Amino acid sequence: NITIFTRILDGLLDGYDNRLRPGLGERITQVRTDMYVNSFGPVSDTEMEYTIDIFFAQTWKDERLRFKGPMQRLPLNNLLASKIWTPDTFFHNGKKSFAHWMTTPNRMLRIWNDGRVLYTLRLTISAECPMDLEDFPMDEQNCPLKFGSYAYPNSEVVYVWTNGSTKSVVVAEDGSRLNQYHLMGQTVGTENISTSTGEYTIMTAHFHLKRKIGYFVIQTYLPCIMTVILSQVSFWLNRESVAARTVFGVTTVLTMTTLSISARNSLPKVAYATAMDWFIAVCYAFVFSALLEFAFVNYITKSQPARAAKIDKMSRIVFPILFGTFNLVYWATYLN
Amino acid sequence: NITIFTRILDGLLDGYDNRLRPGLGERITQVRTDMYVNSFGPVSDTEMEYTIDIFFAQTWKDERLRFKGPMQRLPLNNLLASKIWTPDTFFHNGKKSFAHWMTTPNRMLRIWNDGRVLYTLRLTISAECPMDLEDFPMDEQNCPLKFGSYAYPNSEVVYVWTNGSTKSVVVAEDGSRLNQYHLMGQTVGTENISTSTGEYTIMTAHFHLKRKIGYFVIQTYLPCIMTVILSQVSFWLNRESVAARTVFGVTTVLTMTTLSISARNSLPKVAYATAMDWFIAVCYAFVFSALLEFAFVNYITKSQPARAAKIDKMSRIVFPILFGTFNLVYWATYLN
Amino acid sequence: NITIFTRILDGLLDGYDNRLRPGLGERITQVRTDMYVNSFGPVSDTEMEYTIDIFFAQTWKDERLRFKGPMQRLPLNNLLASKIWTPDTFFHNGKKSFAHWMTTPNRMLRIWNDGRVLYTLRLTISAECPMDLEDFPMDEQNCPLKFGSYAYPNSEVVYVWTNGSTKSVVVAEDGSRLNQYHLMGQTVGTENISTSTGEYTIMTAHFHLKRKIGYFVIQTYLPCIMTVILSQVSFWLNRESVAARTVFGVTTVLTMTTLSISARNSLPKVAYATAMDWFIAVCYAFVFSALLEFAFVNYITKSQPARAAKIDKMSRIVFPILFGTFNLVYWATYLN
Amino acid sequence: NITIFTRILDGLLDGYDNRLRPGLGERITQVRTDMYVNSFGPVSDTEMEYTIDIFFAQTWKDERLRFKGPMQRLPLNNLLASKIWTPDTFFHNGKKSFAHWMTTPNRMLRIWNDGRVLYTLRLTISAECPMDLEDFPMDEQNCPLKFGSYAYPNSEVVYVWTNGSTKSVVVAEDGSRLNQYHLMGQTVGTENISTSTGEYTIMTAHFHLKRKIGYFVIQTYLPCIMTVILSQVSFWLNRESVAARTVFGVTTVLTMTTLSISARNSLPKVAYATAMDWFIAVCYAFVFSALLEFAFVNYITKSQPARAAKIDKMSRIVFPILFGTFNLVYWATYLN
Amino acid sequence: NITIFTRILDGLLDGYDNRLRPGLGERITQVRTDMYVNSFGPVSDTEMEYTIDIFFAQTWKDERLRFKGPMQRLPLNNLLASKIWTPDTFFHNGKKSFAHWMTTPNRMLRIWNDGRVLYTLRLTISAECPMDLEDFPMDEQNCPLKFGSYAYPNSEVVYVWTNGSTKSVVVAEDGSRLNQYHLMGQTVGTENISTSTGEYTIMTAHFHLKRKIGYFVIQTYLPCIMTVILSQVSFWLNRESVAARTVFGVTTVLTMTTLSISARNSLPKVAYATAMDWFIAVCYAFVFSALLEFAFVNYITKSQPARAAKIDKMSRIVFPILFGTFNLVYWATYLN
Ligand SMILES: Cc1ccc(-c2noc(C)c2COc2ccc(C(=O)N3CCS(=O)(=O)CC3)cn2)cn1
Ligand SMILES: Cc1ccc(-c2noc(C)c2COc2ccc(C(=O)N3CCS(=O)(=O)CC3)cn2)cn1
Ligand SMILES: Cc1ccc(-c2noc(C)c2COc2ccc(C(=O)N3CCS(=O)(=O)CC3)cn2)cn1
Ligand SMILES: Cc1ccc(-c2noc(C)c2COc2ccc(C(=O)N3CCS(=O)(=O)CC3)cn2)cn1
Ligand SMILES: Cc1ccc(-c2noc(C)c2COc2ccc(C(=O)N3CCS(=O)(=O)CC3)cn2)cn1
Ligand SMILES: *[C@@H]1O[C@H](CO)[C@@H](O)[C@H](O)[C@H]1NC(C)=O
Ligand SMILES: *[C@@H]1O[C@H](CO)[C@@H](O)[C@H](O)[C@H]1NC(C)=O
Ligand SMILES: *[C@@H]1O[C@H](CO)[C@@H](O)[C@H](O)[C@H]1NC(C)=O
Ligand SMILES: *[C@@H]1O[C@H](CO)[C@@H](O)[C@H](O)[C@H]1NC(C)=O
Ligand SMILES: *[C@@H]1O[C@H](CO)[C@@H](O)[C@H](O)[C@H]1NC(C)=O
């Protein structure tokens, strides 16, 4: 009884040229693409890339594969995939992509009576996500994913998303888990491109990333903030304690200096200043400014002691107020 | 005499279609799975993954392979595996998996008279283990391992564990060795899932991990604890020793600051506070609070010296008591 | 109707030897090469290499592939590429190169009636870019890319760029994005080389890189600059404050020392001094010189106090002026 | 004349089934194994693994390959290896193994008239070496190497070492070169194991490793030792020099703290204390104890000055003596 | 006309056994080897390895390939290489080697009328270079490269260099570029070896490496030197400035301590002392000795002040002289 299926499979490959697209010289081959993101892999800011694992499904029509039988479908696997024609889909921005071959190549091939073909493949892509770290770490990124044909122009093969955007791209609930980003949502689009070899259609999927702050607060902001507060303690000491106040100013300045170095170790080596860098620079100014006040005070503590006390006493109020005022401006500016 | 075996092997492949599952159009193919964990590889907290090496065995039934002969079994190897039908089993959460091909592909294939088939394979998986590091390092993790068919829905192929849980998954005595975790035990389960391509059965194996503390005690807690004790020594010095007490407070504060940075270097860049972070923050408060006491004392050591001595003398008792009290609360809270 | 195409493909391979170049014993095979740089990958200064992803296109002529049919072209893919002759092009300076095989090998093959052949391939090269870091970080680099035949000398196969330089090599707008370099432009050239196996033609593409300063300003120059300013503050303190001025000098000297170590951690281990190293050395001299002034002053503050005050007072003006003067010379020298 | 050899090779494969072991249904296949270690690769303590490159030779008997000819042997290569039966030998503890394929697969195949077969293969294994770092760095490790059949039980295939232990496993003179270990010697053994699939024989080779101390002496012990001596210098200063003695105690305590962190950076993150950790802890106690002496002395330098001098004077002798005494106990204990 | 070549190629493979070496049972196969080093890759001191990219050429004689035709040579590629016999050459000390397969396998195959065969291959080897870092960084290393047959003993296949040493091994002008070594020259040699499988001839190429100092001067020596000079400044301060002189001694000692740790981070973890280590140890002694002088001086500044001044004054001359004297001995000793 099972032998019925075997004959059908042999019949389909009879007089079938895997080197020719369906509808050749008759129409334009139309491919419907849907994607499921099993896990949105890590985002390497330094490399401006991101890893993603997907189940890439392509559907099209091939009248050469029509058949009649008891079943309306023919589940299969990678065994028969090489024997027929499949689109030469590739990822323009994919720096390095590989498939999964254990235990068996994660591929599927299904055929219906009408000739509709479903080809599902599992992939792990490593794409490039250019980023503008001007508002870092309060930065929103739009990491794209582009794919299309490599040899079939828009006049031969066209890719279109299936149904609406939600059904076109799907992300698993546990997949949207990252240590430094939030996956706000996804969008899809298409656009033709003109090249030397001809016009091609490009399918694009954009992932909206909202950086989840809180690691940098515990890593950079708080040490910078507490270091500033430490420096202001020097204003509560007597002027004659030259050695004591010197330690506060010197140690704090160096501490802020090393924080700038440590902070950017993980950050990419971008040739421009980020929001965090500005915060550090201001914090450096406060600690450095406190040291200057002590030096200026100690330089006139003999000639005009009266003014020195006023400056030292006044500084106990001005510095905390300005730093608190700056934080409101800084946080409000980048959080709104 | 040996030629008898050769004829049987040739006979089996006669009229055998490797593209068709057994029982097609007659019943549902049933697959029995057992696992042996040779070594539970390292767990990368930063990557939220874990490596595992297993001997993956699948058993099923295929009447097309029935035979009669002197032997009740036909030991074989990977040579004949490609010639017959095997399930398209794959690991949903496996980021990257590879097999072992030295000296020979670590595969086995055994067949009985009744048609029962045993397919054993050796694998090294790299799966993803999401973790909630809220109680870190007193955190218990449940790293799963999911697998199932890629192309055969629940109506065609079903995976079931063999015998009880203990016989279904086995871990070698030396395999359950990790530098930062204890492998408390294992559990298995099944659950259907609905997808666009149809309903599939998912087989899940969970490994219960209990982090073995002791590295962080020697790395973070003790330096934090001894640093606090160092700061309290300043209370035993005279107030007039402004420079001396300043060194204690300043150095200790910076020391705690760098410990926070160093501690999280290995830790993943999670955007929330762990139990260890709270311990550091408290330790930072104690050292910082000690410095404030000296500053406050030095600010009134002239106007009201009597109260300054009381505060300095009293602080010699309050600070050690509170820190000791906090540790009991902290350790008891996270150890119960 | 489609069967017409199938016959043509079969006819072409009839009596076709893939082991023989076209024009053999009749003329010299001529290959036209064009390149498109999808993304100019990262430049590793330490490894003196750079990654690049390109679409490498080669065009030539083969009379054995002439055909007549309704279409003037035969779009194809990697399936037929192995069946015909293609040049043995390789990259002399490519340390490690690999192709992209997902979803399908990123290859194309097109044939015209006259026999013209177009072979397009996608590659990710890792070439070596020797650099002279004498003006670092104000250094301009010329990273080349060499390719040619491996077995066919200049008397058999010749590579020539197609059209002008602009059309020969093209760089995508988003491809020319690097964190520490600017892609000023590109140039191409050819040159024969003589070897033991014969004379070969070498095609070279040079990429002009202008390092984008700004990361090192925030990383090395500013900490060095502010550290110098910190040291000069010691001149505004009284001589009798021996301990205070000692802290300024000692801490600053050590701070500059560690900056030299930290700065070169990312820099390659080159056995010569860069421009940045000279800047650090001068900054080290200023901080060190300030300490000597204090030591010299403290050594004669008793015998001849009058001169000590003059030196300390004078140093408040000389040191800032010289450092400012040096910066103008340094920046102007390396920026012009 | 050479054609004689060609006929013999063709004759051997005539009626030869590569899927059947020799002696099947007649006897037990016996395999003689010898090993030559070209280079004992690096030992990664963190990963508890070790790399090794070997020439793995297996010898057995197959009457199906008997032949008569002028020569008593038939040197060959990997070309014919796939055409005959070879044991499915694999390494149980090998996490990742690969072969060498340049310029040609490093394989050999030799056959004698009697049917004796020699199969030599070159491998680079990455095995797991569990270690007990309780006596670290005075620790001796026994890194094993296990191999056996994957599909042929003890009733079908048996592995036995050839000749004595010395001839069974051989290590090249230059191979036994490691930066942190001494290869004292090797031992071999066999042992049956019972599994679900049947009983198998396991061949084990153990390498005895004696860690070569001297890197940790220059890295950890000496800095710890000299830091302690530095602290004891504070006892030779006057009590009134509160600031001076404070610097000694504070800096030394922090210095020991960072050494503990730095020391364990390379060391694996084991959740227990090593011998080196105990040495550090004692060194921390000495430096910390010295600071307490100064604090205690400074706290009673007014009420009872006489006793303070005795304690300070006495400490100049007690501390050096105890530290020297401890070292003898520590070194003698772990070196005997 | 071109069909003439096709017939010759078919004729050559007629009755050709790729499994048999030429001259079998008639003579000894003789192989002439020449090498061209495109780029002498990086040398990893930690791994005691070095990467190298070469064009490996082997020439021999095979009378079975004689032919007559208009041309005296038959340029070819990897297509025909597998169809004939090639030596099983392999690299004994090559830990990991791989070939280049883009755009086409970098292989060549040329045949002359007389039967002479040229086989050229491109390789990227990763060999092991044991080193004795006793004179480091003034160390000269001899990194070898060994290759020979894997299955053909000296009685069957012999490797010999072609022409003189200069023509046998060639290094490209730009290839001999390293960041920490100079490629002084190359030498070649041969030597038989006896093994269990028989006697084999080994071809060895040695590369003489002279480390280019200058990175360690800027990284270790200068910071060590300037740190010593910093300590000697303490001798120019008054004895009563106890706190000031303490900072000099304490900070300098710790600074030298961390330099020892930092210096060896890149250096391999060898269990013996290098020349640089001795230099550091002496520098540590000078800074430590200076601190002892201050402590000794401060301990007798009351009982016998006169001698204290002499020691402090004398030390201003002795210490600089000895350090300068030591450098001449150290540099002259290791530079001659
Ligand atoms: C599908 C295909 C494949 C091979 C080629 C090709 N063949 O020989 C050569 C020199 C090329 C480069 O032809 C291109 C390719 C891409 C683009 C383009 O529009 N981008 C924008 C989107 S992107 O993802 O940044 C990639 C670059 C322009 N010219 C053209 N088309
Ligand atoms: C067996 C199979 C393979 C290919 C597909 C498939 N084919 O084209 C497309 C777009 C898909 C995605 O279809 C899926 C896949 C998985 C799930 C699901 O239930 N998860 C929960 C457990 S998990 O391990 O996190 C993986 C995700 C949902 N839809 C479906 N099923
Ligand atoms: C195309 C080809 C391939 C195989 C060989 C070859 N075959 O056996 C052997 C020993 C060689 C080395 O023959 C060479 C190779 C290259 C050069 C040369 O001119 N460079 C300058 C430009 S480069 O990119 O730095 C590479 C080196 C000199 N001799 C020669 N020619
Ligand atoms: C030769 C072979 C290969 C496949 C299997 C197998 N097939 O399906 C399944 C579930 C298994 C696991 O069967 C095992 C395997 C090994 C052991 C054992 O005795 N160890 C001790 C030495 S070891 O090197 O640590 C490896 C573990 C126990 N059961 C059994 N034997
Ligand atoms: C050509 C070949 C290949 C396979 C074998 C072989 N086959 O089964 C086994 C156990 C061996 C090991 O046989 C050896 C191999 C090498 C040496 C030797 O002389 N060295 C010195 C130079 S070296 O480069 O350090 C490598 C080691 C000694 N015995 C012998 N000869
Ligand atoms: C691409 O070209 C086709 C030509 O028919 C056109 O219909 C389509 O709108 C184009 N796509 C875009 C985004 O312009
Ligand atoms: C999956 O579906 C089958 C349908 O027969 C059902 O018997 C089984 O209980 C289902 N599994 C679960 C976990 O619900
Ligand atoms: C290479 O050789 C050919 C020989 O015809 C010559 O025409 C060409 O100019 C040469 N190229 C260069 C750069 O000299
Ligand atoms: C393994 O089993 C065989 C059965 O004949 C026995 O002879 C041999 O001694 C056993 N090996 C060990 C180590 O017990
Ligand atoms: C190797 O053996 C051959 C035997 O003929 C001999 O001629 C040759 O000199 C030997 N090589 C060396 C280096 O001894």
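Count begins at 1; order follows the chain as displayed.
The backbone N, Cα and C atoms fix where each Cβ goes, and this holds for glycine too.
Out of A:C129, A:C224, the record in Swiss-Prot bonds A:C143 through a disulfide to A:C129. In this entry, A:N1 stand out among the recorded positions A:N1, A:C129, A:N163, A:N192 as having a C-beta under 8 A from a C-beta of chain B. Taking the Cβ of A:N163 (N-linked glycosylation site) as centre and 10 Å as the limit, one finds 9 other Cβ atoms among all the protein chains shown. In this structure, none of the recorded positions A:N1, A:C129, A:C143, A:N163 sits close to ligand 6 with a C-beta under 6 angstroms from any of its atoms. Residues 294, 297-298, 301, 308, 312 of the same chain sit 6 or more residues outside the topological domain 'Cytoplasmic' (A:238-242) yet have a Cβ under 8 Å from a Cβ within it. For the linker (A:272-309), the DSSP counts in helix, strand and coil order read 31 helix, 0 strand, 7 coil.
Helix, strand and coil residue tallies for the topological domain 'Cytoplasmic' (A:238-242), in that order: 1 helix, 0 strand, 4 coil [DSSP]. Looking only at the glycosylation sites A:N1, A:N192, the densest Cβ neighbourhood within 10 Å occurs at A:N192. The disulfide-bonded residues considered are A:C129, A:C143; of these, A:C129 has the fewest other C-beta atoms within 10 angstroms of its C-beta. Relative to A:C143 (disulfide bond), the glycosylation sites A:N1, A:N163, A:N192 all have Cα atoms farther than 10 Å away. Put simply, A:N1 (N-linked glycosylation site) is 38 Å from A:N163 (N-linked glycosylation site) when counted between their Cα atoms.
Geometry remark: A:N1 (N-linked glycosylation site) versus A:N192 (N-linked glycosylation site), CA distance 50 Å.
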